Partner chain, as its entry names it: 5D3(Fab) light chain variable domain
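One chain comes next, on its own, written out as C-alpha coordinates in the form solved without the partner chain.
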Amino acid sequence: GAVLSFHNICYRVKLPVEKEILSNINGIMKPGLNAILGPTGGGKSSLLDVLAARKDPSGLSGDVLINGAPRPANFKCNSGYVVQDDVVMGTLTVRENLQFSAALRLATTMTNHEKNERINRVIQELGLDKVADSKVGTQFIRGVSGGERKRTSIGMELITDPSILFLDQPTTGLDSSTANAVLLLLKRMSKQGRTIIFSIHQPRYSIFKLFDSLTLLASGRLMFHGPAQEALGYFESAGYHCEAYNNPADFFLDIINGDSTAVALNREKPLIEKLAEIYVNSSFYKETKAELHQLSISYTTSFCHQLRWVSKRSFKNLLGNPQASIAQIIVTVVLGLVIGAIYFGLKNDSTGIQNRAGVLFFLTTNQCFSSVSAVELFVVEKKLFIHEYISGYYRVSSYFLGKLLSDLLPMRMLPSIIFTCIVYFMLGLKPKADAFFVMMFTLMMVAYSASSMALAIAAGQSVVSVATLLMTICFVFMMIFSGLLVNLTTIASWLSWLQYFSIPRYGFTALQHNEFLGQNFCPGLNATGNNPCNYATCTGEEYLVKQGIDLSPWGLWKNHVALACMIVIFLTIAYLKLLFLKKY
(Lines give C-alpha, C1' and ligand atoms only; values in the text may rest on other atoms or scores of the structure.)
Protein backbone atom coordinates (compact mmCIF):
# COMPACT_ATOMS: atom_id res chain seq x y z
CA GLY A 1 0.00 0.00 0.00
CA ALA A 2 0.89 3.68 -0.30
CA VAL A 3 1.87 5.54 2.87
CA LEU A 4 1.27 9.23 2.22
CA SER A 5 3.02 11.34 4.86
CA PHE A 6 2.97 15.12 5.18
CA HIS A 7 5.41 17.04 7.33
CA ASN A 8 5.42 20.69 8.54
CA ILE A 9 2.71 21.66 6.07
CA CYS A 10 1.90 25.36 6.06
CA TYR A 11 -0.02 27.41 3.54
CA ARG A 12 -0.63 31.09 2.75
CA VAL A 13 -3.09 33.00 0.59
CA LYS A 14 -2.39 36.46 -0.81
CA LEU A 15 -5.64 38.42 -0.75
CA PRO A 16 -0.54 41.89 -0.82
CA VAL A 17 -2.10 40.81 2.49
CA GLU A 18 -1.26 37.20 3.33
CA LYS A 19 -3.54 35.01 5.44
CA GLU A 20 -2.33 31.80 7.05
CA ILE A 21 -4.74 29.06 6.19
CA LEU A 22 -3.22 25.76 7.45
CA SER A 23 -0.66 26.37 10.20
CA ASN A 24 1.78 23.58 11.26
CA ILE A 25 0.18 20.22 10.38
CA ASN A 26 1.91 16.84 10.59
CA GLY A 27 0.48 13.44 9.81
CA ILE A 28 0.80 10.00 8.24
CA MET A 29 -1.95 8.33 6.20
CA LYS A 30 -1.40 4.58 5.94
CA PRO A 31 -3.43 2.31 3.58
CA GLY A 32 -6.93 2.18 5.02
CA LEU A 33 -9.81 4.66 5.39
CA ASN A 34 -8.52 8.07 6.52
CA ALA A 35 -11.16 10.61 7.57
CA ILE A 36 -10.76 14.35 8.11
CA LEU A 37 -13.36 15.98 10.37
CA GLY A 38 -13.68 19.59 11.43
CA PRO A 39 -15.78 22.76 11.23
CA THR A 40 -16.63 24.82 8.17
CA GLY A 41 -13.65 26.98 7.34
CA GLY A 42 -11.30 24.71 9.25
CA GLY A 43 -8.99 23.99 6.35
CA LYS A 44 -10.17 20.58 5.17
CA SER A 45 -10.40 21.23 1.43
CA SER A 46 -7.16 23.19 1.65
CA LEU A 47 -5.31 20.31 3.31
CA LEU A 48 -6.80 17.83 0.87
CA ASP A 49 -5.51 19.86 -2.10
CA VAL A 50 -2.01 20.15 -0.60
CA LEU A 51 -1.97 16.36 -0.20
CA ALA A 52 -3.28 15.90 -3.76
CA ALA A 53 -0.68 18.41 -5.11
CA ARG A 54 -3.21 20.96 -6.36
CA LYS A 55 -2.14 24.17 -4.61
CA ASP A 56 0.38 26.74 -5.76
CA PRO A 57 3.71 25.83 -4.09
CA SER A 58 4.69 29.50 -3.71
CA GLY A 59 2.57 29.60 -0.55
CA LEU A 60 3.22 26.00 0.54
CA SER A 61 5.84 25.45 3.22
CA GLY A 62 6.19 21.71 3.79
CA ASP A 63 6.64 18.39 1.99
CA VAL A 64 4.31 15.50 1.14
CA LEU A 65 5.92 12.10 0.66
CA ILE A 66 4.53 8.82 -0.69
CA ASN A 67 6.36 5.84 0.86
CA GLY A 68 9.16 8.12 2.06
CA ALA A 69 9.94 9.32 -1.47
CA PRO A 70 8.56 12.51 -3.08
CA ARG A 71 5.78 12.51 -5.67
CA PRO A 72 6.58 11.24 -9.18
CA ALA A 73 5.38 13.09 -12.24
CA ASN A 74 3.21 10.16 -12.76
CA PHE A 75 0.76 11.04 -9.97
CA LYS A 76 -2.44 12.43 -11.45
CA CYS A 77 -2.38 9.30 -13.62
CA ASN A 78 -2.17 7.14 -10.47
CA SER A 79 -4.34 9.03 -7.95
CA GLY A 80 -7.90 10.29 -7.85
CA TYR A 81 -9.29 13.51 -6.38
CA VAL A 82 -13.07 13.85 -6.18
CA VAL A 83 -13.71 17.60 -5.98
CA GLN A 84 -16.37 19.16 -3.79
CA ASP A 85 -18.38 21.23 -6.29
CA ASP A 86 -19.01 18.53 -8.93
CA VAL A 87 -17.23 19.53 -12.14
CA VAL A 88 -19.01 17.31 -14.68
CA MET A 89 -20.09 17.95 -18.28
CA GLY A 90 -23.84 18.53 -18.37
CA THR A 91 -24.38 17.98 -22.06
CA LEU A 92 -23.38 14.35 -21.66
CA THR A 93 -25.02 11.51 -19.77
CA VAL A 94 -24.20 9.78 -16.47
CA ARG A 95 -23.08 6.79 -18.52
CA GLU A 96 -21.33 8.96 -21.12
CA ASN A 97 -19.34 10.83 -18.47
CA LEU A 98 -18.32 7.46 -17.04
CA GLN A 99 -17.48 6.16 -20.51
CA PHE A 100 -15.28 9.19 -21.18
CA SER A 101 -13.40 8.86 -17.88
CA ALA A 102 -12.73 5.15 -18.39
CA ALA A 103 -11.60 5.65 -21.98
CA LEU A 104 -8.76 8.00 -21.07
CA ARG A 105 -7.73 6.86 -17.60
CA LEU A 106 -7.69 3.09 -18.14
CA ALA A 107 -5.15 1.45 -20.42
CA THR A 108 -6.03 0.12 -23.87
CA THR A 109 -4.97 -3.38 -22.90
CA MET A 110 -8.57 -3.47 -21.70
CA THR A 111 -11.01 -3.66 -24.58
CA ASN A 112 -14.03 -1.41 -24.95
CA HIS A 113 -16.30 -4.25 -23.80
CA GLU A 114 -14.39 -4.84 -20.56
CA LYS A 115 -14.41 -1.11 -19.82
CA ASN A 116 -18.20 -0.96 -20.16
CA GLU A 117 -18.54 -3.97 -17.85
CA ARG A 118 -16.71 -2.02 -15.16
CA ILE A 119 -18.84 1.06 -15.89
CA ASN A 120 -22.02 -1.01 -15.44
CA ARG A 121 -20.63 -2.32 -12.14
CA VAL A 122 -19.95 1.18 -10.80
CA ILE A 123 -23.45 2.34 -11.80
CA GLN A 124 -24.92 -0.60 -9.85
CA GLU A 125 -22.70 -0.09 -6.79
CA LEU A 126 -23.41 3.65 -6.59
CA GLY A 127 -27.14 3.38 -7.25
CA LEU A 128 -27.20 5.21 -10.58
CA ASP A 129 -29.47 2.83 -12.51
CA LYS A 130 -32.52 5.06 -12.93
CA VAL A 131 -30.39 7.98 -14.17
CA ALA A 132 -27.62 6.16 -16.07
CA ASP A 133 -29.18 7.14 -19.40
CA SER A 134 -30.27 10.60 -18.19
CA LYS A 135 -28.45 13.84 -18.96
CA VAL A 136 -26.45 15.45 -16.18
CA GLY A 137 -27.90 18.91 -15.92
CA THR A 138 -26.44 22.25 -16.74
CA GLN A 139 -27.25 25.33 -14.67
CA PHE A 140 -30.05 26.30 -17.06
CA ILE A 141 -31.51 22.96 -18.14
CA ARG A 142 -32.34 20.91 -15.06
CA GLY A 143 -31.32 17.28 -15.23
CA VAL A 144 -29.85 14.76 -12.79
CA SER A 145 -30.30 15.80 -9.14
CA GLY A 146 -27.62 17.13 -6.82
CA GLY A 147 -26.87 13.87 -5.04
CA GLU A 148 -27.08 11.86 -8.23
CA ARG A 149 -24.58 14.27 -9.81
CA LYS A 150 -22.36 13.87 -6.74
CA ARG A 151 -22.19 10.10 -7.20
CA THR A 152 -21.40 10.60 -10.88
CA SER A 153 -18.37 12.61 -9.76
CA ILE A 154 -17.47 9.89 -7.25
CA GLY A 155 -17.79 7.21 -9.94
CA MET A 156 -15.59 8.89 -12.54
CA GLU A 157 -12.63 8.80 -10.13
CA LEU A 158 -13.58 5.24 -9.15
CA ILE A 159 -13.64 3.32 -12.45
CA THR A 160 -9.96 4.27 -12.74
CA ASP A 161 -9.26 2.39 -9.39
CA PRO A 162 -6.28 4.47 -8.20
CA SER A 163 -4.16 3.46 -5.22
CA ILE A 164 -4.33 6.85 -3.47
CA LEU A 165 -7.85 8.21 -3.56
CA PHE A 166 -8.91 11.64 -2.28
CA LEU A 167 -12.54 12.66 -1.82
CA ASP A 168 -13.72 16.14 -0.85
CA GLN A 169 -16.90 15.59 1.24
CA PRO A 170 -18.29 12.62 -0.72
CA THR A 171 -21.48 12.29 1.33
CA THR A 172 -22.38 15.97 1.21
CA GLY A 173 -25.57 15.80 -0.83
CA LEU A 174 -26.40 12.18 0.04
CA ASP A 175 -28.87 10.89 2.62
CA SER A 176 -28.25 8.64 5.63
CA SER A 177 -28.47 5.37 3.70
CA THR A 178 -26.69 6.07 0.40
CA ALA A 179 -23.82 7.63 2.36
CA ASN A 180 -23.46 4.41 4.33
CA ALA A 181 -23.54 2.50 1.04
CA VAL A 182 -20.82 4.77 -0.36
CA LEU A 183 -18.45 4.34 2.57
CA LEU A 184 -19.06 0.61 2.69
CA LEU A 185 -18.02 0.67 -0.96
CA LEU A 186 -14.88 2.56 0.05
CA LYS A 187 -14.22 0.29 3.05
CA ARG A 188 -14.44 -2.71 0.72
CA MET A 189 -12.04 -0.87 -1.60
CA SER A 190 -9.63 0.15 1.17
CA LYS A 191 -9.12 -3.47 2.26
CA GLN A 192 -7.58 -4.19 -1.15
CA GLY A 193 -4.61 -1.97 -0.25
CA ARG A 194 -5.85 1.45 -1.35
CA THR A 195 -5.32 4.48 0.85
CA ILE A 196 -8.44 6.63 0.92
CA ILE A 197 -8.16 10.14 2.35
CA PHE A 198 -11.40 12.06 2.66
CA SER A 199 -13.00 14.96 4.45
CA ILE A 200 -16.53 14.42 5.72
CA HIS A 201 -19.35 16.33 7.39
CA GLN A 202 -21.85 14.66 9.70
CA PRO A 203 -20.94 10.95 9.69
CA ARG A 204 -23.34 8.72 11.53
CA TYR A 205 -22.15 6.02 13.91
CA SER A 206 -22.26 3.34 11.21
CA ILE A 207 -19.95 5.53 9.11
CA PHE A 208 -17.64 6.63 11.95
CA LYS A 209 -17.09 2.99 12.93
CA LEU A 210 -15.49 2.36 9.51
CA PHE A 211 -12.64 4.83 10.00
CA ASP A 212 -9.04 3.65 10.29
CA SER A 213 -7.46 7.05 10.97
CA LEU A 214 -8.98 10.29 12.22
CA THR A 215 -7.81 13.86 11.59
CA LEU A 216 -9.41 16.90 13.25
CA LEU A 217 -8.89 20.34 11.72
CA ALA A 218 -10.06 23.59 13.29
CA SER A 219 -9.13 27.05 11.92
CA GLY A 220 -6.11 25.66 10.08
CA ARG A 221 -4.56 23.89 13.06
CA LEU A 222 -4.59 20.20 13.94
CA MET A 223 -6.74 19.24 16.93
CA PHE A 224 -6.03 15.50 16.74
CA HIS A 225 -4.43 12.98 14.41
CA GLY A 226 -4.25 9.26 15.04
CA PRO A 227 -6.50 6.21 15.13
CA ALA A 228 -10.23 6.78 15.22
CA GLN A 229 -10.93 4.12 17.85
CA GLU A 230 -8.44 5.84 20.19
CA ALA A 231 -9.87 9.34 19.70
CA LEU A 232 -12.74 9.04 22.17
CA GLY A 233 -10.37 7.97 24.94
CA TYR A 234 -8.17 10.93 24.04
CA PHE A 235 -10.69 13.67 24.82
CA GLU A 236 -11.67 11.93 28.05
CA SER A 237 -8.09 12.51 29.18
CA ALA A 238 -8.45 16.21 28.29
CA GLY A 239 -11.55 16.59 30.48
CA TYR A 240 -14.40 15.92 28.03
CA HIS A 241 -16.64 12.96 28.87
CA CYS A 242 -18.60 11.32 26.09
CA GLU A 243 -22.01 10.17 27.22
CA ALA A 244 -24.24 13.09 26.38
CA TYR A 245 -23.77 12.09 22.75
CA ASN A 246 -24.38 8.61 21.34
CA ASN A 247 -22.29 9.50 18.27
CA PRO A 248 -18.56 10.15 18.82
CA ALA A 249 -18.28 12.27 15.67
CA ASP A 250 -21.05 14.51 17.00
CA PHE A 251 -19.07 14.78 20.24
CA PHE A 252 -15.73 15.57 18.59
CA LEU A 253 -17.05 18.60 16.74
CA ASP A 254 -18.89 20.10 19.68
CA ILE A 255 -15.56 20.38 21.49
CA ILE A 256 -13.57 21.97 18.67
CA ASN A 257 -16.39 24.31 17.61
CA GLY A 258 -17.48 25.66 21.00
CA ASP A 259 -15.86 29.06 20.39
CA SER A 260 -18.02 29.68 17.32
CA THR A 261 -20.33 32.67 17.47
CA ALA A 262 -23.09 30.69 15.76
CA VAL A 263 -23.05 28.18 18.61
CA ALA A 264 -22.62 30.87 21.28
CA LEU A 265 -25.66 32.83 20.06
CA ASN A 266 -28.00 29.85 19.49
CA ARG A 267 -29.19 27.93 22.63
CA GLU A 268 -26.09 29.24 24.46
CA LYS A 269 -6.71 31.19 26.44
CA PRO A 270 -8.74 30.65 23.21
CA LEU A 271 -10.33 27.25 22.78
CA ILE A 272 -8.40 26.48 19.59
CA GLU A 273 -5.02 27.40 21.05
CA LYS A 274 -5.89 25.37 24.15
CA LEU A 275 -6.82 22.20 22.26
CA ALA A 276 -3.90 22.55 19.85
CA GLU A 277 -1.48 22.89 22.77
CA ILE A 278 -2.81 19.66 24.30
CA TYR A 279 -2.20 17.74 21.07
CA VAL A 280 1.42 18.84 20.60
CA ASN A 281 2.19 17.87 24.20
CA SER A 282 0.36 14.54 23.74
CA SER A 283 1.64 11.08 22.88
CA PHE A 284 -0.15 10.86 19.53
CA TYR A 285 2.05 13.71 18.27
CA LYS A 286 5.24 12.10 19.60
CA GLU A 287 4.37 8.84 17.82
CA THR A 288 3.82 10.72 14.56
CA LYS A 289 6.96 12.89 14.63
CA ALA A 290 9.13 9.89 15.51
CA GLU A 291 7.91 8.14 12.34
CA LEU A 292 7.94 11.22 10.08
CA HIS A 293 11.67 11.53 10.75
CA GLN A 294 12.10 7.81 10.05
CA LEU A 295 10.34 8.10 6.68
CA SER A 296 12.19 11.28 5.66
CA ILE A 297 4.64 12.64 -17.09
CA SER A 298 3.92 9.28 -18.80
CA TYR A 299 0.15 9.50 -19.22
CA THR A 300 -1.98 6.38 -19.02
CA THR A 301 -3.18 6.41 -22.62
CA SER A 302 -1.33 7.50 -25.76
CA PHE A 303 -1.70 10.72 -27.76
CA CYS A 304 -3.72 9.30 -30.65
CA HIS A 305 -6.23 7.73 -28.27
CA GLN A 306 -6.77 10.95 -26.35
CA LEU A 307 -7.14 12.85 -29.62
CA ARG A 308 -9.94 10.52 -30.71
CA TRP A 309 -11.98 11.03 -27.53
CA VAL A 310 -11.58 14.76 -26.89
CA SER A 311 -12.79 15.36 -30.45
CA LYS A 312 -15.36 12.54 -30.22
CA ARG A 313 -16.91 14.16 -27.15
CA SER A 314 -16.66 17.57 -28.84
CA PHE A 315 -18.60 16.50 -31.94
CA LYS A 316 -21.32 15.09 -29.68
CA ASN A 317 -21.73 18.55 -28.15
CA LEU A 318 -22.17 20.01 -31.64
CA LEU A 319 -24.57 17.29 -32.79
CA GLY A 320 -26.48 17.69 -29.54
CA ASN A 321 -26.65 21.49 -29.53
CA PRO A 322 -26.23 22.64 -33.17
CA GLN A 323 -27.39 26.21 -32.71
CA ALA A 324 -24.16 27.98 -33.65
CA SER A 325 -23.45 25.59 -36.54
CA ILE A 326 -26.89 25.78 -38.18
CA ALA A 327 -27.01 29.56 -37.75
CA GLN A 328 -23.51 29.73 -39.25
CA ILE A 329 -24.62 27.99 -42.45
CA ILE A 330 -27.90 29.93 -42.74
CA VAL A 331 -26.39 33.43 -42.63
CA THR A 332 -23.56 32.28 -44.91
CA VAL A 333 -26.02 31.17 -47.60
CA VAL A 334 -28.10 34.34 -47.12
CA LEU A 335 -25.01 36.56 -47.28
CA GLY A 336 -23.66 34.56 -50.23
CA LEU A 337 -26.90 35.11 -52.14
CA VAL A 338 -26.99 38.85 -51.41
CA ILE A 339 -23.37 39.42 -52.52
CA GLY A 340 -24.20 37.35 -55.59
CA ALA A 341 -27.33 39.39 -56.34
CA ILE A 342 -25.77 42.85 -55.98
CA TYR A 343 -22.81 42.08 -58.26
CA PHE A 344 -24.90 39.86 -60.55
CA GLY A 345 -23.54 39.75 -64.08
CA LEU A 346 -20.02 41.13 -63.76
CA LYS A 347 -19.22 42.88 -67.04
CA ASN A 348 -15.96 43.99 -68.63
CA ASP A 349 -16.52 47.74 -68.52
CA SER A 350 -14.93 50.94 -67.17
CA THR A 351 -16.76 50.01 -64.00
CA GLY A 352 -16.29 46.27 -64.00
CA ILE A 353 -13.10 46.24 -61.97
CA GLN A 354 -14.50 48.25 -59.05
CA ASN A 355 -17.29 45.66 -58.94
CA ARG A 356 -14.85 42.73 -59.08
CA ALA A 357 -12.34 44.24 -56.67
CA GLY A 358 -15.21 45.28 -54.42
CA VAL A 359 -16.88 41.88 -54.32
CA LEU A 360 -13.59 40.20 -53.31
CA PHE A 361 -13.29 42.60 -50.39
CA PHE A 362 -16.52 41.40 -48.79
CA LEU A 363 -15.54 37.78 -49.39
CA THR A 364 -12.43 38.26 -47.25
CA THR A 365 -14.01 40.43 -44.57
CA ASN A 366 -16.73 37.82 -44.25
CA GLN A 367 -14.20 35.10 -43.48
CA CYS A 368 -12.18 37.33 -41.16
CA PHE A 369 -15.02 38.85 -39.12
CA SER A 370 -16.90 35.54 -38.88
CA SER A 371 -13.94 34.09 -36.96
CA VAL A 372 -14.75 36.06 -33.80
CA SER A 373 -16.99 33.11 -32.82
CA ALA A 374 -13.81 31.04 -32.27
CA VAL A 375 -13.06 33.14 -29.18
CA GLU A 376 -15.50 30.96 -27.21
CA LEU A 377 -13.78 27.65 -28.06
CA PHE A 378 -11.46 27.51 -25.03
CA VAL A 379 -13.38 29.86 -22.71
CA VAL A 380 -16.77 28.12 -22.34
CA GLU A 381 -15.06 24.92 -21.13
CA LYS A 382 -12.16 26.45 -19.20
CA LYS A 383 -13.27 25.01 -15.85
CA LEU A 384 -13.61 21.51 -17.27
CA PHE A 385 -10.25 21.80 -19.04
CA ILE A 386 -8.53 22.79 -15.79
CA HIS A 387 -10.30 19.99 -13.87
CA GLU A 388 -9.66 17.21 -16.39
CA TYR A 389 -6.02 18.18 -16.92
CA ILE A 390 -5.01 18.05 -13.26
CA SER A 391 -7.00 14.82 -12.99
CA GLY A 392 -4.80 13.42 -15.76
CA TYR A 393 -7.12 12.65 -18.64
CA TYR A 394 -5.17 14.14 -21.50
CA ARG A 395 -2.10 16.01 -22.61
CA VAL A 396 -2.67 19.65 -23.46
CA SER A 397 -1.66 18.86 -27.04
CA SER A 398 -4.43 16.25 -27.42
CA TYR A 399 -7.00 18.56 -25.89
CA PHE A 400 -5.74 21.36 -28.13
CA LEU A 401 -5.69 19.44 -31.40
CA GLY A 402 -8.92 17.60 -30.57
CA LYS A 403 -10.83 20.80 -29.88
CA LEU A 404 -9.50 22.43 -33.06
CA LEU A 405 -11.10 19.70 -35.21
CA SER A 406 -14.55 20.56 -33.81
CA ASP A 407 -14.03 24.24 -34.67
CA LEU A 408 -12.00 23.80 -37.86
CA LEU A 409 -14.30 21.37 -39.68
CA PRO A 410 -17.94 22.30 -38.83
CA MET A 411 -17.36 26.05 -38.62
CA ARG A 412 -14.48 27.15 -40.88
CA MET A 413 -13.98 24.53 -43.58
CA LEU A 414 -17.61 23.80 -44.43
CA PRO A 415 -18.88 27.44 -44.55
CA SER A 416 -15.98 28.26 -46.88
CA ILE A 417 -16.93 25.50 -49.32
CA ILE A 418 -20.59 26.58 -49.40
CA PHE A 419 -19.76 30.29 -49.58
CA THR A 420 -17.36 29.85 -52.50
CA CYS A 421 -19.83 27.66 -54.39
CA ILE A 422 -22.75 30.11 -54.11
CA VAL A 423 -20.86 33.18 -55.34
CA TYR A 424 -19.39 31.18 -58.23
CA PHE A 425 -22.49 30.17 -60.22
CA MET A 426 -24.17 33.57 -59.84
CA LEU A 427 -21.39 36.16 -60.14
CA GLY A 428 -19.54 35.03 -63.23
CA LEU A 429 -15.99 35.13 -61.90
CA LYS A 430 -12.92 33.47 -63.50
CA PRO A 431 -14.64 30.46 -65.09
CA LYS A 432 -11.76 27.96 -65.00
CA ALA A 433 -11.60 24.83 -62.87
CA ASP A 434 -8.40 25.53 -60.93
CA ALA A 435 -9.28 29.15 -60.11
CA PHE A 436 -12.40 27.92 -58.32
CA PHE A 437 -10.34 25.82 -55.91
CA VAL A 438 -7.64 28.47 -55.49
CA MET A 439 -10.49 30.78 -54.48
CA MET A 440 -11.89 28.09 -52.16
CA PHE A 441 -8.47 27.48 -50.63
CA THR A 442 -7.89 31.22 -50.16
CA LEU A 443 -11.13 31.73 -48.23
CA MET A 444 -10.27 28.79 -45.97
CA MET A 445 -6.82 30.18 -45.17
CA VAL A 446 -8.20 33.55 -44.09
CA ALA A 447 -10.83 31.74 -42.04
CA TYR A 448 -8.18 29.60 -40.34
CA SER A 449 -5.74 32.47 -39.79
CA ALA A 450 -8.38 34.70 -38.24
CA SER A 451 -9.68 31.83 -36.12
CA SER A 452 -6.14 31.07 -34.95
CA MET A 453 -5.85 34.70 -33.86
CA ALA A 454 -9.16 34.29 -32.05
CA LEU A 455 -7.62 31.40 -30.17
CA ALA A 456 -4.32 33.17 -29.50
CA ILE A 457 -6.09 36.03 -27.75
CA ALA A 458 -8.68 33.93 -25.90
CA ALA A 459 -6.82 30.80 -24.76
CA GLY A 460 -6.82 30.40 -20.99
CA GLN A 461 -9.23 33.26 -20.34
CA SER A 462 -12.36 33.21 -18.18
CA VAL A 463 -14.59 35.65 -20.08
CA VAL A 464 -14.82 36.47 -23.77
CA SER A 465 -15.42 40.18 -23.09
CA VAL A 466 -11.81 41.32 -23.51
CA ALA A 467 -10.93 38.88 -26.28
CA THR A 468 -13.93 39.64 -28.50
CA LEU A 469 -13.08 43.32 -28.10
CA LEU A 470 -9.46 42.98 -29.20
CA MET A 471 -10.59 40.64 -31.98
CA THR A 472 -12.82 43.09 -33.83
CA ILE A 473 -10.66 46.19 -33.31
CA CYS A 474 -7.58 44.36 -34.58
CA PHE A 475 -9.65 43.43 -37.64
CA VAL A 476 -10.54 47.03 -38.47
CA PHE A 477 -6.87 47.78 -37.86
CA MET A 478 -6.09 45.14 -40.49
CA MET A 479 -8.91 46.33 -42.76
CA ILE A 480 -7.18 49.70 -43.19
CA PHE A 481 -4.04 48.03 -44.54
CA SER A 482 -5.92 45.61 -46.82
CA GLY A 483 -5.27 47.90 -49.78
CA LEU A 484 -8.76 48.93 -50.87
CA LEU A 485 -9.59 52.38 -49.47
CA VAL A 486 -6.06 53.71 -48.87
CA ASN A 487 -3.24 53.00 -51.31
CA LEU A 488 -0.52 50.89 -49.70
CA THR A 489 2.25 52.55 -51.73
CA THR A 490 1.25 56.06 -50.62
CA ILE A 491 1.52 55.07 -46.95
CA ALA A 492 4.71 56.43 -45.37
CA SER A 493 7.61 54.07 -44.72
CA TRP A 494 7.19 54.00 -40.93
CA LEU A 495 3.60 52.71 -41.23
CA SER A 496 3.92 50.58 -44.39
CA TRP A 497 5.25 47.65 -42.34
CA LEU A 498 1.86 47.14 -40.67
CA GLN A 499 0.47 45.82 -43.96
CA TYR A 500 2.38 42.56 -43.41
CA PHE A 501 0.30 41.78 -40.32
CA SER A 502 -3.07 42.10 -42.05
CA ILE A 503 -4.94 38.85 -42.64
CA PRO A 504 -7.30 40.70 -45.06
CA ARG A 505 -4.32 42.04 -47.03
CA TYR A 506 -3.08 38.54 -47.89
CA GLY A 507 -6.49 37.13 -48.72
CA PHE A 508 -7.67 40.04 -50.84
CA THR A 509 -4.35 40.11 -52.71
CA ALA A 510 -4.60 36.39 -53.44
CA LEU A 511 -8.15 36.82 -54.72
CA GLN A 512 -7.13 39.76 -56.92
CA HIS A 513 -4.23 37.80 -58.38
CA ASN A 514 -6.45 34.76 -58.91
CA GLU A 515 -9.13 36.68 -60.79
CA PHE A 516 -7.38 39.55 -62.55
CA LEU A 517 -4.98 37.45 -64.56
CA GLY A 518 -5.56 38.13 -68.14
CA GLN A 519 -9.19 39.22 -68.07
CA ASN A 520 -9.60 42.17 -70.48
CA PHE A 521 -11.87 45.12 -69.73
CA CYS A 522 -11.26 47.61 -72.58
CA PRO A 523 -12.57 45.57 -75.62
CA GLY A 524 -15.90 46.69 -76.98
CA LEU A 525 -13.67 49.58 -78.02
CA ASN A 526 -13.93 52.17 -80.81
CA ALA A 527 -11.23 52.95 -83.45
CA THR A 528 -8.97 55.07 -81.23
CA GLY A 529 -8.31 53.42 -77.90
CA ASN A 530 -11.28 53.50 -75.53
CA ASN A 531 -12.56 57.09 -74.86
CA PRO A 532 -13.63 57.19 -71.31
CA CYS A 533 -11.27 59.28 -69.22
CA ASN A 534 -9.32 58.12 -66.34
CA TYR A 535 -7.58 56.99 -69.15
CA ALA A 536 -8.48 53.31 -68.79
CA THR A 537 -7.26 50.14 -67.10
CA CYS A 538 -7.49 47.69 -69.97
CA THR A 539 -6.09 44.35 -68.87
CA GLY A 540 -6.13 42.81 -65.42
CA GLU A 541 -2.33 42.88 -65.30
CA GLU A 542 -2.34 46.69 -65.40
CA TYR A 543 -4.58 46.69 -62.32
CA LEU A 544 -2.09 44.57 -60.35
CA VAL A 545 0.85 46.81 -61.27
CA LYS A 546 -1.15 49.73 -59.87
CA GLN A 547 -1.92 47.78 -56.69
CA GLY A 548 1.65 46.51 -56.33
CA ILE A 549 1.13 42.78 -56.87
CA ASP A 550 3.62 40.41 -58.48
CA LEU A 551 2.42 38.99 -61.79
CA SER A 552 4.48 35.83 -61.24
CA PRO A 553 2.87 32.64 -59.89
CA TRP A 554 4.82 33.32 -56.70
CA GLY A 555 2.73 36.48 -56.29
CA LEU A 556 -0.27 34.27 -55.58
CA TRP A 557 1.28 31.74 -53.21
CA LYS A 558 3.35 34.28 -51.30
CA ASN A 559 -0.01 35.18 -49.74
CA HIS A 560 -0.82 31.59 -48.75
CA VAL A 561 2.54 30.81 -47.16
CA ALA A 562 2.19 34.03 -45.16
CA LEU A 563 -1.26 32.97 -43.97
CA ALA A 564 0.09 29.50 -43.18
CA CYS A 565 2.80 31.11 -41.06
CA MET A 566 0.10 33.05 -39.22
CA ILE A 567 -1.66 29.77 -38.45
CA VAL A 568 1.44 28.06 -37.04
CA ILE A 569 2.41 31.10 -34.95
CA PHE A 570 -1.07 31.91 -33.65
CA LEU A 571 -1.80 28.27 -32.78
CA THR A 572 1.55 28.02 -30.98
CA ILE A 573 0.69 31.09 -28.89
CA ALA A 574 -2.75 29.57 -28.29
CA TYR A 575 -1.21 26.25 -27.27
CA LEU A 576 1.31 27.78 -24.86
CA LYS A 577 -1.37 29.92 -23.21
CA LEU A 578 -3.27 26.73 -22.37
CA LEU A 579 -0.05 24.95 -21.39
CA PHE A 580 1.39 27.66 -19.13
CA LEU A 581 -2.00 28.51 -17.66
CA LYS A 582 -2.08 28.29 -13.87
CA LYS A 583 -4.39 25.37 -13.09
CA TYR A 584 -4.02 25.48 -9.30
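Positions refer to the first chain, counted from 1.
From this point on, the text means the form solved in complex with the partner chain, which you will not see here.
The closest heavy atom approach of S58 to the partner chain in the deposited bound form falls outside 4.5 Å. The partner chain is not drawn, but in the deposited bound form it has no heavy atom within 4.5 Å of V64. Not displayed here, the partner chain is kept clear of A69 by more than 4.5 Å at the level of heavy atoms in the deposited bound form. Heavy atoms of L551 reach within 4.5 Å of the partner chain in the deposited bound form, making it an interface residue. Contacts between stretch 514 to 537 and the partner chain, counted in the deposited bound form as any heavy atom lying within 4.5 Å, involve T528, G529, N530, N531, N534, listed in sequence order.
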